[PDB]
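The residues of the chain are indexed from 1 along the displayed sequence.
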Amino acid sequence: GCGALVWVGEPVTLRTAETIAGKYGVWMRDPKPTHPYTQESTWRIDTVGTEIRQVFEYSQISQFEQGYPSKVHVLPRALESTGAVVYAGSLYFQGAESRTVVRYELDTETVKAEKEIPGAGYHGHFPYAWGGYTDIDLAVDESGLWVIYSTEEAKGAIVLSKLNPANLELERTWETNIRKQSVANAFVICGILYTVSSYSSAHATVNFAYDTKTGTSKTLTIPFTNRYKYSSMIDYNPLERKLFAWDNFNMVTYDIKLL
Ligand SMILES: [Ca+2]
Ligand SMILES: [K+]
Ligand code: NA
């Protein structure tokens, strides 16, 4: 059952990248797995380099922990930053030097939809506090697919849109009063957008919650540990009820509890 976030566990490290190209990246499982994948299927994308086009796939968690992909997908265009998600058999990612979200069906290796996110800043315009090109952050929660961004119209405040997963049409949009560049990262749980205060502190907090049901925000002080002091990616998986994160070469999870 859904509820507000009340607790975040301490990070558990599943894999440590062995090259500097893995200092930051995105890794994830599918909260709505579809044949031929399972809830154990894992994807991993190192994103420090240029021309990021290869997506590593692991059919078993033990393969992921040992660093041995079972498949490698080649994307037809390059991918930007750490914000991508997998949902219902597709990778949703941002095209390099663009504000375009691309739907890449993993089993057929085909692009099924593209969508320019209207007004979205990109390429270091509205990054998170972590910097880089973290302007556009996709998210999956219990009700489906979302994208987190900002616009000049919103003057840098986080904008949140719900997306049709088949054709990437924007179904609804909310404008917060939370400055995107002031928070380390963000994610959605049960229709509530949460932000993290710091990418480096061992005593950070989940520090804001914006509820889409009310269109209002509140402060929070839920403790959050950046164990390795450089978190580039923090997302939520509603099937596992865990945060998945990338922190200074380490692919980690945080258990969460809801009220
Ligand atoms: Ca995120
Ligand atoms: K980046
Ligand atoms: Na994301």
Side-chain angles (χ1 to χ4, degrees), residues 2 26-45 47 52-59 71-122 134-151 158-176 186-193 210 212-213 233 235-242 244:
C2 266
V26 57
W27 74 290
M28 64 279 263
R29 303 200 177 110
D30 192 341
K32 288 298 184 64
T34 191
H35 173 78
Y37 309 107
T38 72
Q39 60 191 338
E40 277 225 354
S41 305
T42 312
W43 296 268
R44 167 185 167 177
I45 312 173
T47 63
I52 302 300
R53 296 163 179 258
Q54 291 182 22
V55 181
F56 280 17
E57 175 177 291
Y58 312 75
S59 73
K71 301 288 198 71
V72 176
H73 300 288
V74 176
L75 303 176
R77 83 189 64 176
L79 165 157
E80 181 129 316
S81 198
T82 63
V85 303
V86 170
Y87 179 77
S90 287
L91 176 73
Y92 297 83
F93 71 97
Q94 176 191 5
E97 209 150 8
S98 86
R99 53 165 169 241
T100 296
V101 173
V102 179
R103 176 190 169 204
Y104 174 86
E105 186 179 39
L106 288 155
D107 183 52
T108 63
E109 300 206 345
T110 65
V111 170
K112 309 222 63 143
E114 305 173 18
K115 179 75 180 163
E116 186 170 0
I117 307 301
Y122 60 102
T134 50
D135 306 58
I136 294 178
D137 185 9
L138 289 136
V140 179
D141 85 334
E142 286 81 358
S143 79
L145 183 68
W146 314 71
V147 61
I148 301 157
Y149 56 108
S150 193
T151 67
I158 290 175
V159 180
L160 175 64
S161 294
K162 193 77 187 299
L163 297 173
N164 183 309
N167 59 24
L168 288 175
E169 281 301 277
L170 278 69
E171 300 179 343
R172 183 163 173 192
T173 297
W174 295 257
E175 182 193 86
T176 78
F187 48 83
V188 177
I189 303 174
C190 293
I192 302 176
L193 170 77
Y210 175 91
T212 59
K213 289 163 281 304
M233 193 287 287
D235 273 13
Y236 175 67
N237 183 311
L239 177 60
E240 298 214 9
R241 288 234 175 152
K242 294 179 184 167
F244 284 60

- Message: Among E57, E240, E40, exactly one meets salt bridge (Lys or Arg N to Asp or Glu O under 4.0 Å) together with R29. Which residue is that?
- Response: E240
- Query: Are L163 and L170 close enough, and set up right, to give a side chain to side chain contact (heavy atoms under 4.5 Å, CB included), and what steps lead you there?
  - Reply: CA-CA 5 Å; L163 297 173; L170 278 69; 3.7 Å; yes
- Message: Testing the basics here: between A166 and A113, what is the closest heavy-atom pair and its distance to 0.1 Å?
- Response: O-CB, 3.6 Å
- Closest heavy-atom pair, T47 versus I45, reported as atoms and distance to 0.1 Å, is CG2-O, 3.4 Å
- Are the side chain of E80 and the backbone of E97 linked by a donor-acceptor contact shorter than 3.5 Å? yes
- Query: Is there a side-chain contact between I148 and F187 (heavy atoms, below 4.5 Å)?
  - Reply: no
- Could you tell me whether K115 atom NZ has more than 12 heavy atoms of other residues or ligands within 6.0 Å of it? yes
- Message: Do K162 and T212 pair up side chain to side chain, a donor and an acceptor below 3.5 Å, judged on atom types alone?
- Response: no
- Heavy-atom side-chain proximity of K213 to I192 below 4.5 angstrom: yes
- Message: Taking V159's backbone N and O only, do any of them form a donor-acceptor pair with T176's side chain (distance below 3.5 Å, no angle check)?
- Response: no
- Message: With side-chain contact (heavy atoms from CB on, under 4.5 Å) as the test, pick out the partner of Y92 among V86, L138, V102.
- Response: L138
- For the pair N237 (side chain) and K242 (backbone), establish whether a donor and an acceptor sit closer than 3.5 Å, ignoring hydrogens and angles. no
- Task: Using modelled atom types only, decide if a donor and an acceptor are shared between the side chain of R99 and the backbone of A120 within a distance under 3.5 Å.
- Result: yes
- Heavy-atom closest pair (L239 atom, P33 atom, distance to 0.1 Å) is CD2-CD, 4.1 Å
- Mind checking what makes side-chain contact (heavy atoms from CB on, under 4.5 Å) contact with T134, not counting sequence neighbours? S81, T82, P127, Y128, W130
- Note, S41 side chain near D30 side chain (heavy atom, < 4.5 Å): no
- Note on the structure: In this structure, CG of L160 is separated from CD of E175 (nearest 0.5 Å) by 11.5 Å
- Query: Which heavy atom in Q54 sits nearest to a heavy atom in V72, and how many Å separate them?
  - Reply: OE1-CG1, 3.9 Å
- Side-chain donor/acceptor of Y149 to backbone N/O of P118, under 3.5 Å: no
- Message: Checking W43 against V26 for the side chain to side chain contact (heavy atoms under 4.5 Å, CB included) test, could you report, in this order, the C-alpha distance in whole Å, the side-chain angles of both residues, the deciding distance, and whether it holds?
- Response: CA-CA 8 Å; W43 296 268; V26 57; over 6 Å; no
- Query: Under the side chain to side chain contact (heavy atoms under 4.5 Å, CB included) criterion, do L145 and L168 qualify, and how do the steps go?
  - Reply: CA-CA 9 Å; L145 183 68; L168 288 175; 4.2 Å; yes
- Message: Please tell me whether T100 and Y122 have a donor and an acceptor in their side chains that are separated by less than 3.5 angstrom.
- Response: no
- Task: Pick out which of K112, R77, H73 makes a side-chain contact (heavy atoms from CB on, under 4.5 Å) with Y104.
- Result: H73
- Mind telling me whether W174 and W146 have parallel, tilted or perpendicular rings, with 30° and 60° as the class edges? tilted
- Can you measure from CD (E105) to CG (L91) and round to the nearest 0.5 angstrom? 12.0 Å
- Can we call the ring centroids of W27 and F244 under 6.0 Å apart? yes
- Note on the structure: Closest non-hydrogen atoms of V85 and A139, given as atom of the first, atom of the second and distance, are CG1-N, 3.8 Å
- If only atom types and distance count, is the side chain of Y37 paired as donor or acceptor with the main-chain N or O of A88 below 3.5 Å? no
- Which pairs, with at least one residue in residues 134-147 and sequence neighbours excluded, count as a salt bridge (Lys or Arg N to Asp or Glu O under 4.0 Å)? none
- Item | Backbone N/O of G95 and side chain of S98: donor-acceptor pair under 3.5 Å | yes
- Compare all side-chain heavy atoms of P238 with those of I189 and state whether any distance is below 4.5 angstrom. no
- Short N-O contact, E114 and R103, less than 4.0 angstrom: no
